[PDB]
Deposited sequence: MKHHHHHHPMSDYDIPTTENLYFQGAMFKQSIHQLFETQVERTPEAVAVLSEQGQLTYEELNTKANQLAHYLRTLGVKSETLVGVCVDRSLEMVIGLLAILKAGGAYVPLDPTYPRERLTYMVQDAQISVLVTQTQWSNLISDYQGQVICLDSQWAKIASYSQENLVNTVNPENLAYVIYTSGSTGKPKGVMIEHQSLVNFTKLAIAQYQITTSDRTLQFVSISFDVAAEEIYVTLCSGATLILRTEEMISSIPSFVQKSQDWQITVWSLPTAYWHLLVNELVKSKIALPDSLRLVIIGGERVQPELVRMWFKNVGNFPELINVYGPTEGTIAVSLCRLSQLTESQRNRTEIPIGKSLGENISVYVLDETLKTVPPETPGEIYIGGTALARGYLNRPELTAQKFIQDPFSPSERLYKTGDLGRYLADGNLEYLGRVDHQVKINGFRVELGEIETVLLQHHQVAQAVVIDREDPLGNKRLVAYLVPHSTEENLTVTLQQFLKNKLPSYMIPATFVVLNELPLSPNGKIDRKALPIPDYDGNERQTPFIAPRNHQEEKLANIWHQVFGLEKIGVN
């Protein structure tokens, strides 16, 4: 049964046309309205030349428009490329050129974020009368499952990011497994938290819309105060939270310090993205108990959002008193999460090795990085029609079947919840004329450098320099000269 992600959505619209699909603090859309609007934009896009394998930039803010935008790109047959408005011009323009994007879905407020852009631009906030003249009907046969759905950039240790190419087929697999794992229903109300720069936004968006649940888009202001984040979730009657682990750690700390009650509607908290602190897990069970359910999800971007999860609420007392909390078991039978030795053989239970992913979860590869692709996406010697992705994560399967994350073999870290290659920051710092050698380490970020010429305002100079090349979370808050 060949299916694209938008087809899955379109099936749901047919079942529940009048259900509310998306709610923001400023307005809402029914499944019908969302679908009709995404179709009008997709038709327009098709006339701009968007077709299977066409990459389309999306530089939008979190809004009803953003959701129409994504789905319209998908419906037209194109793959979107998130272009985070908070990133600096130079980074965004590099992405646009690397991806060869000639169609950009954006808004007027993001004018002039790309340098020297000669492609087609659509501004969803000011061109809606035009888009409304296009057909409201579903498009047919614009893609096959092996065509791209999105290309999402991640940090690159050689000094520029690179695009992880995701096909409809793996995203559709993921989405259908996750709906069944989380038990999402038409009664759920799921908070959309993370930027579309993070593949987890796809979990939040497509899990919700392809099951008939309501997607509630957050604001910037609601996250900066945990009290506010909780109260707004109560007011909205949110049933499902999807939180970056570093955020949930903050939330656990404040829940207990301030004895805040959780929203009465909340049934499920999904965390992931970095190593969960066992001490805060213990504190959650002590103060909150087994409801809402708490799930730890693991996966790299290259494995399409998540490959394994662990229901923490279902662990025993002693499974939770280890020094590591598990990342659990595969999301489904067509996804393999192996712990392999240095020759790609499985190992006895409780033996540590490197995590390799196989099966349906795999990305196609990295966009325009054939060396890097060959190095990470490897033909399986024991199964030559298939590939494995080399995660760079160490782990071991415990005797109970649960996987444990045991850290990294390399210099990728998570800072403030974001995937960062230290090498990327090193490489860029080395470009600066006053830097001769440089090493950056965690932990937060600390840059160590041998100057050509020292200067007492070098810290502020180097942060200025980085600010116009890297996202803010890659900017070290401290420098050391040797």
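Gaps without C-alpha coordinates occur at 1-27, 471-477, 517-573, with positions taken along the deposited sequence from 1.
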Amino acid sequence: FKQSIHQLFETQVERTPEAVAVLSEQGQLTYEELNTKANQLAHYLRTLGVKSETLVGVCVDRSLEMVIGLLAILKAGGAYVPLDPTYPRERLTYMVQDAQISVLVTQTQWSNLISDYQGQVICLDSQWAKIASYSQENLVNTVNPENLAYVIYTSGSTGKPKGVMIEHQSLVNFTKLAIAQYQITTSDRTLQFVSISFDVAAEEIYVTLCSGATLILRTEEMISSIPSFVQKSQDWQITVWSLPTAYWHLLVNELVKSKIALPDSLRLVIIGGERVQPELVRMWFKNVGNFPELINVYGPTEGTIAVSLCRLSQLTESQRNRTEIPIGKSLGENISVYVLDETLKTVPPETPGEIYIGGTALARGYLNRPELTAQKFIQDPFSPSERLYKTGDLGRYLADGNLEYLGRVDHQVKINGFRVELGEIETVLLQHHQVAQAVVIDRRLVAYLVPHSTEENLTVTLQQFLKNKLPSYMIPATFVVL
From here on, numbers count along this sequence of modelled residues.
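Take the two forms, find the largest set of C-alpha atoms that superpose within 1.5 Å, and that set is the rigid core.
Superposing the other copies on the rigid core and comparing 111-119 to 70-78, farther C-alpha placement in 4 other deposited structures of this protein marks 111-119. Mean CA B-factor, 252-260 versus 394-402: the higher value falls on 252-260. Note on 168-176 vs 211-219: mean CA B-factor is higher in 211-219. In this structure the maximum Cα B-factor among 203, 293, 125, 317 is found at 317. You'll see in the entry that, of 132, 79, 347, 310, the Cα B factor peaks at 347. Per the deposited record, the Cα B-factor of residue 93 falls in the lowest third when ranked against the other modelled residues of its chain.
In the PDB entry, residue 13 places in the lowest third of its chain by CA B-factor. Sort the modelled residues of the chain by CA B factor and residue 47 lands in the middle third. When all modelled residues of the chain are sorted by CA temperature factor, residue 321 is found within the highest third. Among all modelled residues in this chain, the alpha-carbon of residue 39 has a temperature factor (C-alpha) in the lowest third.
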